[PDB]
Amino acid sequence: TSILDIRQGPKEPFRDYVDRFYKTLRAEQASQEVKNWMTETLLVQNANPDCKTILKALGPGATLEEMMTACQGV
Amino acid sequence: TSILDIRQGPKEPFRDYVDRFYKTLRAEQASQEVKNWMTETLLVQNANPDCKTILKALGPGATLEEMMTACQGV
Amino acid sequence: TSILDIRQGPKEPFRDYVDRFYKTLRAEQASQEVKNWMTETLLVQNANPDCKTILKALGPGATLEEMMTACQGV
Amino acid sequence: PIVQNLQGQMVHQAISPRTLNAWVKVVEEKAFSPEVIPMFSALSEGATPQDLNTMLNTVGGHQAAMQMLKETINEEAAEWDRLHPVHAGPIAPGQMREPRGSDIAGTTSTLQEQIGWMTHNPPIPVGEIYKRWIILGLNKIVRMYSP
Amino acid sequence: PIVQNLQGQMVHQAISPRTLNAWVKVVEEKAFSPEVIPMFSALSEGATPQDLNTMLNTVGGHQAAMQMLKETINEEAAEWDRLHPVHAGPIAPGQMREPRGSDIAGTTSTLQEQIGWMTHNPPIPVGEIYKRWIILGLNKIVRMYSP
Amino acid sequence: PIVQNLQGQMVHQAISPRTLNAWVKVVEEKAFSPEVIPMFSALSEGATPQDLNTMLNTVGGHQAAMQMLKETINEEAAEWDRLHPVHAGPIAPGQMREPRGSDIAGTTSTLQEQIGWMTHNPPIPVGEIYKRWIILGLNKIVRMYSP
Numbered sequence: 148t149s150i151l152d153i154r155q156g157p158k159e160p161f162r163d164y165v166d167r168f169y170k171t172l173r174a175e176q177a178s179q180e181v182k183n184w185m186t187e188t189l190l191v192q193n194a195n196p197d198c199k200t201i202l203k204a205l206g207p208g209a210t211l212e213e214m215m216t217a218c219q220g221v
Numbered sequence: 148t149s150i151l152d153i154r155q156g157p158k159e160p161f162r163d164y165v166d167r168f169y170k171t172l173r174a175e176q177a178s179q180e181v182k183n184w185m186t187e188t189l190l191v192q193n194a195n196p197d198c199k200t201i202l203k204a205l206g207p208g209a210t211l212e213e214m215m216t217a218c219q220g221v
Numbered sequence: 148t149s150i151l152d153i154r155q156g157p158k159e160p161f162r163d164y165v166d167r168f169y170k171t172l173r174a175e176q177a178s179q180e181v182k183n184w185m186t187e188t189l190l191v192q193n194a195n196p197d198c199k200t201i202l203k204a205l206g207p208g209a210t211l212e213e214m215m216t217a218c219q220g221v
Numbered sequence: 001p002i003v004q005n006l007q008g009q010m011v012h013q014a015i016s017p018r019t020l021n022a023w024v025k026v027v028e029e030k031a032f033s034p035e036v037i038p039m040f041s042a043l044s045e046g047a048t049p050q051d052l053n054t055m056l057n058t059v060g061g062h063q064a065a066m067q068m069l070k071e072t073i074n075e076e077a078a079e080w081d082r083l084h085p086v087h088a089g090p091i092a093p094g095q096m097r098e099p100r101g102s103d104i105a106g107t108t109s110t111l112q113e114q115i116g117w118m119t120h121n122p123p124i125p126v127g128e129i130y131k132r133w134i135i136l137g138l139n140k141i142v143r144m145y146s147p
Numbered sequence: 001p002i003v004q005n006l007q008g009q010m011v012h013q014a015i016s017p018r019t020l021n022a023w024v025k026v027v028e029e030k031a032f033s034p035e036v037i038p039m040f041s042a043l044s045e046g047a048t049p050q051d052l053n054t055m056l057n058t059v060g061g062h063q064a065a066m067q068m069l070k071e072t073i074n075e076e077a078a079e080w081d082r083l084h085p086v087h088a089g090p091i092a093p094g095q096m097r098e099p100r101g102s103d104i105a106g107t108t109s110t111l112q113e114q115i116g117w118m119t120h121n122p123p124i125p126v127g128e129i130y131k132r133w134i135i136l137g138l139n140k141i142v143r144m145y146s147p
Numbered sequence: 001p002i003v004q005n006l007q008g009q010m011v012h013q014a015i016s017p018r019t020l021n022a023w024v025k026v027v028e029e030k031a032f033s034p035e036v037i038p039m040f041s042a043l044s045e046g047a048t049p050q051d052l053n054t055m056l057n058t059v060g061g062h063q064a065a066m067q068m069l070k071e072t073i074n075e076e077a078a079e080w081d082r083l084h085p086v087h088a089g090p091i092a093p094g095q096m097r098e099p100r101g102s103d104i105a106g107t108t109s110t111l112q113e114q115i116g117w118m119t120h121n122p123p124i125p126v127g128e129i130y131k132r133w134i135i136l137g138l139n140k141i142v143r144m145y146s147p
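What follows is the structure, encoded as structure tokens:
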């Protein structure tokens, strides 16, 4: 399965999705800079509308514990 | 789960509750003095009415073997 | 469970009871003299009527192999 | 633990994983049963305080008991400090310091310090003092956890 | 790890498969539970950075946590570099270079370099610095993964 | 593998059965998963080419992958021969011969020859050259076997 095919379900907790992401990211062998680009970009983009909304409110500069606690009720 | 969310059931033995308490207390990292405050306070407060009643009769100065044997029939 | 609560069933072999006794006696921490007193006293007292009868016929001075072979058919 | 080497000196060597796991497995299987105390005693042969906190800290489950024990260890330690007052004047350059309850509990002492006390002549048995507190606290538990 | 040989010198020896597997099994069974930290600490006795990346890289599962840890290791490493600036002028022929955050993380250093620093006199405890970062990052995880 | 003896020399010692079996078990359980590569790397510490063919030849199953790897090992070997031409004139009596791709793959060399190259001064790291080919070929597999 390709990294672009990794997406969050409509009922799937973000948490279970983030695990899937760094597992597939774990099978990507690209430069770190590209993998940083993938992190800030693709993760949020394939996140579900309800959490996506939430993550837009965190702004930039956000870290994984704060994202992970931010989308917990969703 | 937060330490404030730890409470004793209406049919749950105190014993099973005290185990849950020092497990969650085991995941709290606070100063010892604060953790002493939590011990004397929160444990009794979230204890069930029947045992709560019992524990009020032990008075202060009580230790865990005496609390644990005190609420055994409840 | 307390040592006073250890008693022989009406159909329970003595043997299975004597095992229970020295297991509970194994969790008593009292002076040896007191534990000797418990041995000669409580064991026979909570023994069932059919074996109790048998043990009364062994008299005093009796040892465990002779008690254990004495109440075998019971 | 502190063991004797082939050369004929007492040196520290680490405790083994299948020893560690055997400690874990005992606790898993026999919980508060009395056989735990001789078992403990054998597996604590030549052990340090540091290794004894390691063994206590690596427990999972039975947290009410683990807290009761802790509190017994501190009581027994408070009692060590009470019974044995600190000694007169400053510590000698030629000598090493007397332990407190917390050095016996391993808390305020370092490993090299724990090896100094035990290997030195006369040696002081800080393991055996903690061991009695553990066994005493084990009796407390056993007696309570009898049903 | 770097262990003491019979001759009385510190030499590197490889870590054992049933040690490796015991690390695996702990993680399998007790996931984020606190007993994992003393357990880790015992199994990391005398360990290199290189061996510590080996242990972290050999994890399967819990990839959200593994990423949070990585990012904590780099933060703690960034902080090492901040707090300890590089030293004045060129490196002496008679001496070996001071470590950076990435040498502590094992990344920019080689094994022989990791053995130079630890075995040399004075020795520098680059294991224990990474160990605190691991334990600190373990607290972060434990606190988050509490429910 | 070639290990250092107590006397302070590098000598060959055989690999252990529960090491062998641990290699087998990894492959059984985690198939093409990435954790296989650090795992491999640890268990290949101080290993010979001969031991590396032993490990590859003892696989069961995943024969499409095993063939892809073989063919990668030969390609990487063909490339070794290309990049490093044979040297000028006859081989000196005082010296030992330079390796080819097939000596690195273990095929044309004997064990004593593999020990000559590695133990000699300068030493040549024919393990580490094969190791990269194995890791490179492992990337090929991992990337393909991603679904």
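Protein chains in written order, with the deposited numbering: chain B, 148 to 221; chain A, 148 to 221; chain F, 148 to 221; chain f, 1 to 147; chain a, 1 to 147; chain b, 1 to 147. Built from N, CA and C at the ideal position, the CB exists for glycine as well.
Check, Outcome
"Contact set for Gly-106(f): own chain, Cβ-Cβ below 6 Å, skip 5 residues either direction", "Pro-49, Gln-50, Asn-53"
"Other residues of its chain near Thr-19(b): CB distance less than 8 Å, five sequence neighbours each side excluded", "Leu-43"
"Unbroken alpha helix (DSSP H) run spanning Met-144(f), endpoints", "126-145"
"Counted within 10 angstroms of its Cβ, other Cβ atoms place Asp-103(f) as buried (16 or more) or exposed", "buried"
"For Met-10(a), three-class secondary structure by DSSP", "strand"
"Cut-off 7 Å between Cβ atoms - residues of its own chain near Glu-175(A), not counting five sequence neighbours on either side", "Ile-150, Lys-182"
"Alpha helix (DSSP H) runs wholly inside the segment 14-57 of chain a, at least 4 long, in chain order", "17-30, 36-43, 49-57"
"Interface partners of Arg-173(B) on chain b, CB under 7 Å", "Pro-34"
"Any chain A beta carbon closer than 8 Å to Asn-21(a)", "no"
"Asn-139(a) versus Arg-162(F) - alpha carbon distance", "54 Å"
"CB of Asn-193(F) within 8 Å of CB of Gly-156(F), strictly", "no"
"8 Å Cβ cutoff, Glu-113(a) in contact with chain f", "no"
"Beta-bridge pairing of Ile-2(a) - partner residues as DSSP gives them", "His-12(a)"
"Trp-80(b) vs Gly-101(b) beta-carbon contact at 8 Å", "yes"
"Which listed residue (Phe-40(b), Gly-127(b), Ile-141(b), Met-10(b)) has its alpha carbon closest to that of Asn-121(b)", "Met-10(b)"
"The segment 203-217 of chain F / the segment 18-38 of chain f touching (three or more Cβ pairs under 8 Å)", "no"
"Pick from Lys-25(f), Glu-76(f), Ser-41(f) that is closest to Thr-58(f), judged by C-alpha positions", "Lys-25(f)"
"Through-space distance from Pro-1(b) to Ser-41(a), alpha-carbon basis", "30 Å"
"Contact set between residue 171(b) and chain a, taken where Cβ atoms lie within less than 7 Å", "Lying outside 1 to 147, the shown extent of chain b, residue 171(b) is not represented and no answer is given."
"Option nearest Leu-190(F) by Cα separation, candidates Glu-213(F), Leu-202(F), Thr-148(F)", "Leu-202(F)"
"Pair within 8 Å by beta-carbon distance, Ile-37(f) and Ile-135(f)", "yes"
"Selection from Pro-17(b), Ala-47(b), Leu-6(b), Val-27(b) that minimises the alpha carbon distance to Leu-111(b)", "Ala-47(b)"
"Min CB distance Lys-30(f) to chain A below 8 Å", "no"
"8 Å Cβ cutoff, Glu-187(A) in contact with chain f", "no"
"Minimum C-alpha distance to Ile-153(A) - residue among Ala-177(A), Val-221(A), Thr-188(A)", "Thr-188(A)"
"Neighbouring residues, chain B, relative to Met-144(a) (Cβ below 9 Å)", "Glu-212, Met-215, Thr-216"
"Three-state secondary structure assigned by DSSP to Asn-183(F)", "helix"
"N-terminal and C-terminal residue of the alpha helix (DSSP H) that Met-118(f) is part of", "111-119"
"Buried/exposed call for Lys-170(B), threshold 16 Cβ in 10 Å", "buried"
"Coarse secondary structure for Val-86(b), derived from DSSP in three states", "coil"
"Pairwise C-alpha distance: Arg-97(b) and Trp-23(a)", "43 Å"
"DSSP-derived helix/strand/coil call for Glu-175(B)", "coil"
"Contact check, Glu-212(B) vs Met-66(a), beta carbons under 8 Å", "no"
"Buried versus exposed, by CB contacts within 10 Å (16 or more), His-12(a)", "buried"
"Spatial neighbours of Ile-91(a) in its chain, beta-carbon cut-off 7 Å, leaving aside the 5 residues before and after", "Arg-97"
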